[PDB]
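Worksheet: one structure, shown below.
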Amino acid sequence: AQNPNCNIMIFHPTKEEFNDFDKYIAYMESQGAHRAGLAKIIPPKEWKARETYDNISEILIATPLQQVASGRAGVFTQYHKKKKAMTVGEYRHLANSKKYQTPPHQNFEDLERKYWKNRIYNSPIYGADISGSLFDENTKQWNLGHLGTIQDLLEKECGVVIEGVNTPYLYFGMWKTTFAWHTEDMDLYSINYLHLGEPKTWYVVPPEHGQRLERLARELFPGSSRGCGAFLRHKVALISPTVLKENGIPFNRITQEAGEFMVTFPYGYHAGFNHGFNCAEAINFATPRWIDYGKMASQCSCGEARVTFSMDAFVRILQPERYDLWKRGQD
Ligand SMILES: O=C(O)CNC(=O)C(=O)O
Ligand SMILES: [Mg+2]
Ligand code: NI
Ligand SMILES: [Zn+2]
């Protein structure tokens with residue numbers, strides 16, 4: 001068995017190897033990458049996502065989200081308070097202000113210590129989930145707006161034609177902006193490209209150990225657990241590495257820098273934070289190996305998780321028993 005310790009693997013494809021996206025994902029899995037739940041891909045040195053970022057300041061962040069924490073430093077939830085619209089140029093200037101900027105630090109480790117000590121005492125503003133792309137249309141390799149769609153994968157593997165579309169999303173971050181512990185919708189893959197700015201630190205639990213994280217989360221968030229049988233779908237709960245280690249939960253960590261891709265694999269729980277002003281682009285995707293994970297994915301039916309149009313068909317075809325109840329939550 002390849003990668004039996006479930007370590008995060010780092011790949012350096014050549015420009016030739018960067019042509020065929022599906023084939024490269026399958027290669028990484030042949031080497032055991034998926035067992036970690038997360039992999040890093042460093043693009044060949046010849047590749048670029050676009051020529052420059054000099055002209056992005058006029059993108060609108062229609063609903064910036066203030067991430068307000070409750071709890072203790074290592075075990076907390078966050079709620080998202082909606083703020084007034086602002087441009088990316090306005091948001092960048094806010095990120096760089098004395099109130100929001102990255103503090104002085106020695107290295108990524110010192111920054112990580114400061115994040116876990118102090119996150120709860122501040123409310124950073126995150127421009128998340130903005131439909132759009134920063135890849136140039138002429139970028140032919142690993143262009144996250146030109147991937148094969150999940151609907152087409154389901155049709156190729158299973159023969160059924162379904163409605164829905166699959167487009168990328170932009171994320172504008174600042175110091176302390178946080179992504180809570182989650183797997184993807186329908187336990188899909190994700191791919192995330194850090195276009196510019198400061199790093200993003202990731203934490204991940206191997207897919208084979210995901211249920212250990214869920215059991216800890218039920219213990220740590222006991223009212224949320226009674227409210228919903230899949231409350232991590234709400235994407236609000238944080239648990240620190242120190243708390244995971246105290247409770248014996250297997251995990252790994254890695255920091256993504258600008259110019260690098262990360263892939264999350266089906267049922268790979270992940271969480272993390274941004275170091276400073278940055279912009280990432282991410283999209284969900286599927287492979288043949290995903291189908292069985294999609295059939296078994298948990299679902300929020302309490303109504304809180306409220307998701308995309310295209311998830312309807314996935315539930316309807318892969319999980320017809322749950323359909324009915326899941327759609328009562330969505331309506
Ligand atoms: O970058 C972020 O805030 C969150 N991204 C992801 O969870 C992802 O790419 O799967
Ligand atoms: Mg612009
Ligand atoms: Ni994710
Ligand atoms: Zn729920």
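Each chain in the structure tokens gets a letter, A, B, ..., in the order shown, and its residues are numbered from 1; ligands are numbered from 1 in order too.
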
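The neighbours of stretch 6-9 of chain A here are the residues that come within 7 Å of it, using only C-alpha atoms and leaving out any residue fewer than 2 positions away in the same chain; they are residues 3, 4, 11, 33, 35, 36, 38, 39, 40, 206 and 252 of chain A.
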
Would you put the residues from that selection into a file with N, CA, C and O atoms, as a compact mmCIF listing (two decimals), in the first residue's frame?
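Now in again-v7.txt:
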```txt
# COMPACT_ATOMS: atom_id res chain seq x y z
N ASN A 3 2.04 5.13 0.57
CA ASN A 3 1.82 6.18 1.57
C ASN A 3 1.03 5.70 2.75
O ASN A 3 0.01 6.30 3.19
N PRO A 4 1.45 4.64 3.46
CA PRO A 4 0.62 4.04 4.50
C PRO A 4 0.49 4.92 5.76
O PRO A 4 -0.53 4.86 6.48
N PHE A 11 4.07 17.36 -5.21
CA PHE A 11 4.35 16.95 -6.59
C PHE A 11 4.91 18.12 -7.36
O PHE A 11 4.49 19.26 -7.26
N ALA A 33 -1.26 9.48 -2.79
CA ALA A 33 -1.49 10.89 -2.30
C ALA A 33 -2.81 11.06 -1.58
O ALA A 33 -2.89 11.80 -0.59
N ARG A 35 -4.38 9.25 0.38
CA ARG A 35 -4.51 8.75 1.72
C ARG A 35 -4.35 9.87 2.74
O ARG A 35 -4.91 9.80 3.86
N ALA A 36 -3.61 10.95 2.43
CA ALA A 36 -3.47 12.13 3.32
C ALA A 36 -4.73 12.96 3.42
O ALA A 36 -4.92 13.67 4.41
N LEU A 38 -5.09 15.49 1.29
CA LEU A 38 -4.61 16.77 0.76
C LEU A 38 -3.28 16.51 0.05
O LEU A 38 -2.44 15.78 0.66
N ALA A 39 -3.03 17.15 -1.07
CA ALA A 39 -1.70 17.12 -1.76
C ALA A 39 -1.41 18.51 -2.24
O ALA A 39 -2.32 19.32 -2.55
N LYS A 40 -0.12 18.87 -2.35
CA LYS A 40 0.37 20.08 -2.97
C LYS A 40 0.93 19.77 -4.36
O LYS A 40 1.66 18.76 -4.51
N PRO A 206 -6.73 12.28 7.44
CA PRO A 206 -6.81 11.27 6.37
C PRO A 206 -8.27 10.80 6.23
O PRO A 206 -8.95 10.54 7.23
N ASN A 252 -2.44 16.11 9.57
CA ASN A 252 -1.21 16.70 9.07
C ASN A 252 -1.45 18.15 8.77
O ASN A 252 -2.62 18.63 8.75
```

Next on the checklist: Which residues are near ligand 4 in this structure, taking near to mean any atom at most 8 Å from a ligand atom and counting only C-alpha atoms and all ligand atoms? Format them as a PyMOL selection string.
Outcome noted: chain A and resi 227-234+299-305

I need the residues from that last selection saved to file as an mmCIF file, in the first residue's frame (with N, CA and C atoms), if you can.
```cif
data_model
loop_
_atom_site.group_PDB
_atom_site.id
_atom_site.type_symbol
_atom_site.label_atom_id
_atom_site.label_comp_id
_atom_site.auth_asym_id
_atom_site.auth_seq_id
_atom_site.Cartn_x
_atom_site.Cartn_y
_atom_site.Cartn_z
ATOM 1 N N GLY A 227 -28.558 19.000 17.373
ATOM 2 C CA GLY A 227 -29.314 19.723 16.384
ATOM 3 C C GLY A 227 -29.275 19.155 14.999
ATOM 4 N N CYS A 228 -28.153 18.459 14.681
ATOM 5 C CA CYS A 228 -27.951 18.029 13.280
ATOM 6 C C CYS A 228 -27.007 16.852 13.271
ATOM 7 N N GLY A 229 -27.327 15.832 12.488
ATOM 8 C CA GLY A 229 -26.534 14.632 12.428
ATOM 9 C C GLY A 229 -25.294 14.779 11.556
ATOM 10 N N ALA A 230 -25.194 15.913 10.896
ATOM 11 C CA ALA A 230 -23.969 16.224 10.074
ATOM 12 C C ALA A 230 -23.614 17.685 10.158
ATOM 13 N N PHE A 231 -23.506 18.181 11.432
ATOM 14 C CA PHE A 231 -23.304 19.583 11.650
ATOM 15 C C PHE A 231 -21.965 20.206 11.153
ATOM 16 N N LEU A 232 -20.973 19.316 10.887
ATOM 17 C CA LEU A 232 -19.759 19.897 10.247
ATOM 18 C C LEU A 232 -20.028 20.465 8.828
ATOM 19 N N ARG A 233 -21.134 20.009 8.220
ATOM 20 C CA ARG A 233 -21.624 20.623 6.954
ATOM 21 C C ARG A 233 -21.976 22.065 7.097
ATOM 22 N N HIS A 234 -22.179 22.575 8.337
ATOM 23 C CA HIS A 234 -22.439 23.985 8.508
ATOM 24 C C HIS A 234 -21.257 24.868 8.366
ATOM 25 N N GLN A 299 -25.397 14.033 4.935
ATOM 26 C CA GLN A 299 -26.018 15.207 4.622
ATOM 27 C C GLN A 299 -26.644 15.947 5.828
ATOM 28 N N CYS A 300 -26.580 17.264 5.751
ATOM 29 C CA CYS A 300 -27.331 18.167 6.682
ATOM 30 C C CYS A 300 -28.828 18.166 6.072
ATOM 31 N N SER A 301 -29.738 17.744 6.860
ATOM 32 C CA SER A 301 -31.185 18.025 6.614
ATOM 33 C C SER A 301 -31.852 19.011 7.627
ATOM 34 N N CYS A 302 -31.095 19.537 8.679
ATOM 35 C CA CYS A 302 -31.650 20.549 9.618
ATOM 36 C C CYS A 302 -31.955 21.805 8.950
ATOM 37 N N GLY A 303 -31.389 22.025 7.788
ATOM 38 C CA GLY A 303 -31.658 23.205 7.050
ATOM 39 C C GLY A 303 -30.601 24.237 7.066
ATOM 40 N N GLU A 304 -29.609 24.111 7.968
ATOM 41 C CA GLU A 304 -28.621 25.167 8.050
ATOM 42 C C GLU A 304 -27.681 25.181 6.871
ATOM 43 N N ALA A 305 -27.250 24.004 6.348
ATOM 44 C CA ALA A 305 -26.114 24.022 5.367
ATOM 45 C C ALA A 305 -26.436 24.645 3.999
#
```

Item to check | Test item, alpha helix (DSSP H) assignment across stretch 186-288 of chain A, answer as a list in words | outcome: residues 210, 211, 212, 213, 214, 215, 216, 217, 218, 219, 220, 222, 223, 224, 225, 226, 227, 241, 242, 243, 244, 245 and 246 of chain A

Could you write out that same residue set with C-alpha atoms as a short mmCIF file (atom, residue, chain, number, x, y, z; two decimals), in the first residue's frame?
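The result, stored in again.cif:
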```
data_model
loop_
_atom_site.label_atom_id
_atom_site.label_comp_id
_atom_site.auth_asym_id
_atom_site.auth_seq_id
_atom_site.Cartn_x
_atom_site.Cartn_y
_atom_site.Cartn_z
CA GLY A 210 -12.55 10.97 9.18
CA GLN A 211 -15.02 9.38 11.56
CA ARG A 212 -12.53 9.93 14.44
CA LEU A 213 -12.72 13.64 13.80
CA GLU A 214 -16.55 13.46 13.66
CA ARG A 215 -16.71 11.66 17.00
CA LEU A 216 -14.49 14.27 18.64
CA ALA A 217 -16.56 17.06 17.12
CA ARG A 218 -19.77 15.55 18.59
CA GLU A 219 -18.07 15.55 22.04
CA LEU A 220 -16.76 19.14 21.69
CA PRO A 222 -22.58 18.67 21.96
CA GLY A 223 -25.62 21.01 21.36
CA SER A 224 -24.71 21.37 17.67
CA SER A 225 -24.50 17.58 17.43
CA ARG A 226 -28.03 17.17 18.86
CA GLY A 227 -29.31 19.72 16.38
CA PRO A 241 -3.86 21.08 16.41
CA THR A 242 -3.08 20.97 20.12
CA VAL A 243 -6.61 19.72 20.87
CA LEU A 244 -6.48 17.19 18.03
CA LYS A 245 -3.10 15.85 19.40
CA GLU A 246 -4.51 15.67 22.99
#
```

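Those residues that approach residue A:131 to within 7 Å, counting only C-alpha atoms, are residues 129, 168, 169 and 170 of chain A; same-chain residues fewer than 2 positions away are not listed.
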
Checklist entry - Which residues, written as a list in words, have at least one atom at most 9 Å from residue A:73, with only C-alpha atoms counted and residues fewer than 5 positions away on the same chain left out? => result residues 116, 117, 118, 119, 120, 121, 239 and 240 of chain A

Restricting it to N, CA and C atoms, dump the selection as an mmCIF file, in the first residue's frame.
```cif
data_model
loop_
_atom_site.group_PDB
_atom_site.id
_atom_site.type_symbol
_atom_site.label_atom_id
_atom_site.label_comp_id
_atom_site.auth_asym_id
_atom_site.auth_seq_id
_atom_site.Cartn_x
_atom_site.Cartn_y
_atom_site.Cartn_z
ATOM 1 N N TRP A 116 -3.361 30.453 16.791
ATOM 2 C CA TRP A 116 -4.119 29.680 17.727
ATOM 3 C C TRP A 116 -4.282 30.313 19.077
ATOM 4 N N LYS A 117 -3.306 31.135 19.484
ATOM 5 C CA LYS A 117 -3.432 31.824 20.770
ATOM 6 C C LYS A 117 -4.476 32.870 20.700
ATOM 7 N N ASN A 118 -4.537 33.643 19.645
ATOM 8 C CA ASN A 118 -5.233 34.901 19.573
ATOM 9 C C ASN A 118 -6.411 35.027 18.615
ATOM 10 N N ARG A 119 -6.644 34.026 17.776
ATOM 11 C CA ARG A 119 -7.719 34.127 16.777
ATOM 12 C C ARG A 119 -9.053 34.595 17.358
ATOM 13 N N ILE A 120 -9.451 33.975 18.461
ATOM 14 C CA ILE A 120 -10.796 34.242 18.967
ATOM 15 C C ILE A 120 -11.047 35.692 19.376
ATOM 16 N N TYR A 121 -9.970 36.430 19.625
ATOM 17 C CA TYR A 121 -10.082 37.785 20.118
ATOM 18 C C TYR A 121 -10.233 38.837 19.062
ATOM 19 N N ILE A 239 -11.191 23.378 15.652
ATOM 20 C CA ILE A 239 -10.489 22.599 16.671
ATOM 21 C C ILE A 239 -9.019 22.722 16.394
ATOM 22 N N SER A 240 -8.207 23.115 17.357
ATOM 23 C CA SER A 240 -6.777 23.394 17.110
ATOM 24 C C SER A 240 -5.963 22.163 17.008
#
```

Would you mind listing what lies within 12 Å of residue A:111 as a tab-separated table (two decimals) with N, CA and C atoms, in the first residue's frame, with only C-alpha atoms counted and same-chain residues fewer than 4 positions away left out?
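Writing done, so here's result-v4.tsv:
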```tsv
chain	number	residue	atom	x	y	z
A	102	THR	N	-1.17	41.47	9.43
A	102	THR	CA	-0.35	40.39	10.02
A	102	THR	C	0.62	41.00	11.05
A	103	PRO	N	0.74	40.45	12.20
A	103	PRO	CA	1.73	40.98	13.18
A	103	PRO	C	3.10	40.57	12.85
A	104	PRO	N	4.07	41.30	13.50
A	104	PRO	CA	5.44	40.84	13.33
A	104	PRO	C	5.62	39.42	13.85
A	105	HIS	N	6.44	38.65	13.19
A	105	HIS	CA	6.61	37.23	13.48
A	105	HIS	C	7.97	36.78	12.96
A	106	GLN	N	8.43	35.67	13.50
A	106	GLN	CA	9.74	35.08	13.05
A	106	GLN	C	9.73	34.23	11.82
A	107	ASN	N	8.68	33.41	11.69
A	107	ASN	CA	8.57	32.39	10.65
A	107	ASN	C	7.12	31.84	10.66
A	115	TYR	N	-1.68	32.62	15.74
A	115	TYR	CA	-3.07	32.39	15.26
A	115	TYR	C	-3.87	31.61	16.32
A	116	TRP	N	-3.36	30.45	16.79
A	116	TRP	CA	-4.12	29.68	17.73
A	116	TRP	C	-4.28	30.31	19.08
A	117	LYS	N	-3.31	31.14	19.48
A	117	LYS	CA	-3.43	31.82	20.77
A	117	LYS	C	-4.48	32.87	20.70
A	118	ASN	N	-4.54	33.64	19.65
A	118	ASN	CA	-5.23	34.90	19.57
A	118	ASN	C	-6.41	35.03	18.61
A	119	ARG	N	-6.64	34.03	17.78
A	119	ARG	CA	-7.72	34.13	16.78
A	119	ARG	C	-9.05	34.59	17.36
A	175	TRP	N	-5.20	38.34	7.29
A	175	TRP	CA	-4.73	37.71	8.51
A	175	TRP	C	-5.91	37.24	9.35
A	176	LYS	N	-5.77	35.96	9.79
A	176	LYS	CA	-6.76	35.29	10.68
A	176	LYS	C	-8.02	34.82	10.01
A	199	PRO	N	0.57	33.50	2.49
A	199	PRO	CA	0.23	32.08	2.48
A	199	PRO	C	-1.11	31.71	3.15
A	200	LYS	N	-1.42	30.43	3.00
A	200	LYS	CA	-2.61	29.78	3.59
A	200	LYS	C	-2.10	28.52	4.26
A	201	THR	N	-2.34	28.35	5.58
A	201	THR	CA	-1.99	27.11	6.28
A	201	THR	C	-3.20	26.18	6.34
A	255	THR	N	1.71	24.49	4.66
A	255	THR	CA	1.45	25.83	4.23
A	255	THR	C	1.59	25.98	2.75
A	273	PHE	N	-6.19	28.66	7.78
A	273	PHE	CA	-6.24	30.14	7.96
A	273	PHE	C	-5.30	30.82	7.02
A	274	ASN	N	-5.57	32.07	6.75
A	274	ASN	CA	-4.72	32.92	5.88
A	274	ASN	C	-3.74	33.76	6.72
A	275	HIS	N	-2.57	33.96	6.15
A	275	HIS	CA	-1.48	34.69	6.85
A	275	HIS	C	-1.61	36.17	6.67
A	276	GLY	N	-2.31	36.66	5.71
A	276	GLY	CA	-2.35	38.05	5.33
A	276	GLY	C	-3.18	38.22	4.09
```

Item to check | Nearby residues, ligand 2, 7 Å, only C-alpha atoms and all ligand atoms, as a PyMOL selection string | outcome: chain A and resi 55-59

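Atom CA of residue A:13 sits 13.5 Å away from atom CA of residue A:31.
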
Next on the checklist: What residues of the protein or nucleic acid chains come within 8 Å of ligand 1 when you use only C-alpha atoms and all ligand atoms? Reply as a count of residues only.
Outcome noted: 27

Checklist outcome for this item: Of A:289, A:140, A:12, A:235, the one sitting nearest ligand 3 when using only C-alpha atoms and all ligand atoms is A:235
